[PDB]
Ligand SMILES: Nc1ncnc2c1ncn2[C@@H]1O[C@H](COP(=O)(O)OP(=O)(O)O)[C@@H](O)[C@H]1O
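The form solved without the ligand is given below as one chain in structure tokens.
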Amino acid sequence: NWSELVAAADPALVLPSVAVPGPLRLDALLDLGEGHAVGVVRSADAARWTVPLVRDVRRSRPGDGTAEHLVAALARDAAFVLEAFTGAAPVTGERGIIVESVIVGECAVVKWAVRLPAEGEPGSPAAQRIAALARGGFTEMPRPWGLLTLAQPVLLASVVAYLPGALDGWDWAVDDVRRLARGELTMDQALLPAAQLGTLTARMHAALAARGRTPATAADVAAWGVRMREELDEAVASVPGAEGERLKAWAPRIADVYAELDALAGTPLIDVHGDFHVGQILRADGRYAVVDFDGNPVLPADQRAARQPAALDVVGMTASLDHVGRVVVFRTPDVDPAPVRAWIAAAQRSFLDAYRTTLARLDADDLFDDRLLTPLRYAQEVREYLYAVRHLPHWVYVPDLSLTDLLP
């Protein structure tokens, strides 16, 4: 019996590869056939997991056939919701990919949502983001094959198209600016991706806004300033060296900009990407595809599904375009910084010109409130300080050089 096997199983059954409080309890089970299933296992600490199960009971490994049986289920029960999309095929064969991700049929990617939110709490809105884009004709993304949710429905697994010959933005955008610096590309040729990124972002927001639109309240815009001023104080307190001395001096002028958010009540809030930057854009032979709709990892898990301004994605991409230029100057030996520095301003300009034009073409002008550009941009650069002191210490140069141009 499923519930009799999971309860008597080792509490580490919910783990792909340290300590899980036991015993376990099976809340929901989706039988996939031939001894395969998708389990919603509840540990002793009231934590919920998504566990692909296979009988002899052990956790499914890449090659057992559970991700394969899930894709076959999409190509054809009350607690679960299987929503398939045009293009799902019953391909076979499994292969692990440490992006848990499993390549099925060498053309689809099954991703298990290992850690689930608590019973009732919101989780990842990736199922609602991908479904809204699909229903809205948004094609600049990996072709969705299916979504497995638990009745907002809790996301359990997703199947999208696999693009083996595609690179993320931290590869092709860096390569573009490098070829521009050494004369292999013209300035207009280097600005072309940024313009197409703006068109992509507006098409994404127009498709995502088809669900709804929530006016921001006074408590909403007030909570933004509280969190942003709280992150600024954490950055000032933790960023060391000469970068920290400049950040401490720039902190008063930044907080003054943050206070301008109180007057921006009533600004539209829609479903957004959340963690939008160049690295979330895959290029495949002139075509661009956006991935990763789980939300901003720095936000709490129960807030990664909340609606945000459309300008939040705009400042996230424009800042990454700025960061791409800083990386090219920082890493490339003998690089000419003049074309790269000139590309930083023009790429952000090309992006905004195309993002604003496409919104007007799609009758979605009021989605973008450009009064949020300056405050959210500074908040993005402050996050770069926090990411550096936590994961990559030398990365502090990126926001330091970016804020040097933003604060003349």
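Between two forms, the rigid core is the largest collection of C-alphas that superpose within 1.5 Å. The first residue of the sequence shown is number 1, and the count goes up from there.
**Q** So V99 and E100 are neighbours in the shown sequence, but is anything from the deposited sequence left out between them? Give the count as none, 1 to 3, 4 to 9, or 10 or more.
**A** Per the record, 4 to 9 deposited residues are absent between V99 and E100.
**Q** How many missing residues of the deposited sequence lie between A219 and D220 in the entry, grouped as none, 1 to 3, 4 to 9, or 10 or more?
**A** Unresolved stretch here: none.
**Q** Where do the C-alpha atoms have the higher mean temperature factor in this entry, in 244-252 or in 106-114?
**A** Comparing 244-252 with 106-114, the higher average CA B-factor belongs to 244-252.
**Q** Given the B-factors recorded for C-alpha atoms, which segment has the greater mean, 385-393 or 18-26?
**A** Result of the comparison: 18-26.
**Q** Looking at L53, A379, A347, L372, which has the highest Cα B-factor in the entry?
**A** So the option with the highest C-alpha B-factor is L53.
**Q** Among the candidates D322, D313, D285, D176, give the one with the maximum CA B-factor reported in the record.
**A** In the PDB entry, the greatest C-alpha B-factor among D322, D313, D285, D176 is found at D285.
**Q** Test of reading the entry: by CA B factor among the chain's modelled residues, which third contains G225?
**A** For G225, the deposited C-alpha B-factor lands in the highest third.
**Q** Please place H273 in the lowest, middle or highest third of its chain according to the CA B-factor in the PDB entry.
**A** Ranked within chain, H273 CA B lands in the lowest tercile.
**Q** Using the temperature factors of the C-alpha atoms in this entry, rank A72 within its chain: lowest, middle or highest third.
**A** Middle third, going by the recorded CA B-factors of the chain.
**Q** Which third, lowest, middle or highest, does the C-alpha temperature factor of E140 belong to within its own chain?
**A** CA B-factor rank for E140: lowest third.
**Q** Name the third of the chain's ranked CA B-factors that contains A265, choosing lowest, middle or highest.
**A** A265: CA B-factor falls in the highest third of its chain.
What comes next is about the form solved in complex with the ligand, which is not displayed.
**Q** Counting only non-hydrogen atoms, choose the one of 201-209, 128-136, 107-115, 234-242 that falls within 4.5 Å of the ligand in the deposited complex.
**A** Going through the listed ranges, the match is 107-115.
**Q** Please identify the residue among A305, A181, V291, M228 with any heavy atom within 4.5 Å of the ligand in the deposited complex.
**A** It is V291 that has a heavy atom within 4.5 Å of the partner.
**Q** So the ligand isn't shown here. In the deposited complex, which residue out of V81, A301, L163, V257 has a non-hydrogen atom within 4.5 Å of it?
**A** After the contact test, the surviving option is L163.
**Q** Would you classify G279 as touching the ligand in the deposited complex, given a 4.5 Å non-hydrogen atom cut-off?
**A** Contact with the ligand, yes.
**Q** Is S101 near the ligand? Define near as a heavy atom within 4.5 Å, in the deposited complex.
**A** Yes, contact at 4.5 Å.
**Q** Although the ligand is absent from this view, report whether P142 comes within 4.5 Å of it in the deposited complex, heavy atoms only.
**A** Result yes; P142 sits at the interface with the ligand in the deposited complex.
**Q** Is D175 a contact residue for the ligand in the deposited complex, using a 4.5 Å heavy atom cut-off?
**A** It does not: once the ligand is placed as it appears in the deposited complex, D175 has no heavy atom within 4.5 Å of it.
**Q** For the core superposition between this form and the one not shown, please identify the residue among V340, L352, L367, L32 whose CA shift reaches 2 Å or more.
**A** Spelled out, the residue whose C-alpha shifts by 2 Å or more is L32.
**Q** Core aligned, does the CA of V71 move at least 2 Å between this form and the one not shown?
**A** The answer is yes, as the C-alpha of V71 shifts between this form and the one not shown by 2 Å or more after core alignment.
**Q** Does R229 shift between this form and the one not shown by 2 angstroms or more at the C-alpha, the core having been superposed?
**A** The answer is no; the displacement is under 2 Å.
**Q** So that I can tell if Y258 moves, could you say whether its C-alpha shifts by at least 2 Å between this form and the one not shown after the core superposition?
**A** No; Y258 is a residue whose C-alpha shifts by less than 2 Å between this form and the one not shown when the cores are overlaid.
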